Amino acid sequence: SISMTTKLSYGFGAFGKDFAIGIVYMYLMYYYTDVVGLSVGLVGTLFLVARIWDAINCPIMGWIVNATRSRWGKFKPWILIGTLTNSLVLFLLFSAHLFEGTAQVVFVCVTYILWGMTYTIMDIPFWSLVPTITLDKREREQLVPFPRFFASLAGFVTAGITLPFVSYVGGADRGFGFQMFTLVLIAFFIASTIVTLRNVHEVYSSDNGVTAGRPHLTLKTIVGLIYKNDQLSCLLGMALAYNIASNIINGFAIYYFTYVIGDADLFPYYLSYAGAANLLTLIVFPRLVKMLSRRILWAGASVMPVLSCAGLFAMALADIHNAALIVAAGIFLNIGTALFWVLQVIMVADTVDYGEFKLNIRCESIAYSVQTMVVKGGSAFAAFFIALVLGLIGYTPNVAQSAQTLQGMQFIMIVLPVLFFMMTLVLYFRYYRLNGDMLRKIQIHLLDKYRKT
């Protein structure tokens, strides 16, 4: 079985990994708009362009990771490089409050696009380690929950005690407190990197002797291996749909909690219950995946946020606000997202296995590049579709609109995520085949095939 040591070390690695990007994801807009003083249009355009650039960069990083040959491995060197460079670029990212004028703008833009690329560097090869740690069904099912739980916990501890830190350390200067807390983030991040590098021992890697990998591959060949691997392209589409839906819902939540307070002091309780639900469902996944089916857990992952959307739709109809319904929708969404992420990591591992099985090529970096680029492109496409719907409904001026227009806009914003969720689950139940007998066939084929020359 997987070493408990390796399980917990991968967990801590994921914790430090997502403890460095939680601050960014959650408060970089607040820093740039409330500490630096930059127009919201600039920040939005930069964020969108940077997410597009990162999505395009992802496959390039996958090609790089597969082609690299080195002593530590083909993942660990890039993991280390990315961790260190991203820590540095993060510190620079939050040191933007120093400059002013065009200098400040250029600094912000450069540091942001860097931070993005740098995080890609290590994000792809990091998650590329689960397929090489093991290729068994239950072993993966009880391996992935550890890093997913630790990542969620990092995000939630950020959400919780990121502001108190910045307040206690130089309360007058918010930028100083930000760049100081960045030091705590960097310390945890580098410690976790060292832990995972020392303890995680890739077993079925693409750079070992018996694997079916080919380090000398072109960018065209690799990126086309996504379409040739029908299951990987199916996962691409499914994850894209789910990410677009989750992004639209999370944006609705941010707009309904920030602009409209919803109710003073509601967000702490909502976040507490959401984190509790997410962490619990991640803890009890190793038992749920067996009590229920993997297919049924995916169905639930896509249906629970749909039930949340329906609840808050019924709410929007009459009840402008019901704290109970709010936190219930939050709990449902969080359970769905936890299930989705765990199953998605396990499934990208299964897809690299199936690619070795069909195309006779083992390439984990490309599957996880697909994962990361889909994460970025989910936000990208959610923004695109929201702008499209706003222009269609007549919100393109953004100066003054009808109350009925706003109500219809809310209704459309609630309905579209449901469309994307039903898309992801129909695609799953109509195209995906890597469950049950198929998985064991692939596993046995690979194991028996691992009998070197």
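Sequential numbering from 1, following the sequence displayed.
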Higher-scoring stretch by recorded Cα B factor average, 263 to 271 or 336 to 344: 263 to 271
Between the two ranges 399 to 407 and 49 to 57, the one averaging a larger CA B factor in the entry: 399 to 407
Third of chain Cα B-factors occupied by residue 193: lowest
Cα B factor band for residue 41 (lowest, middle or highest third within the chain): middle
Third of chain Cα B-factors occupied by residue 17: lowest
Residue 295 CA temperature factor, ranked by third within the chain: lowest
Chain thirds of CA B-factor: placement of residue 376: lowest
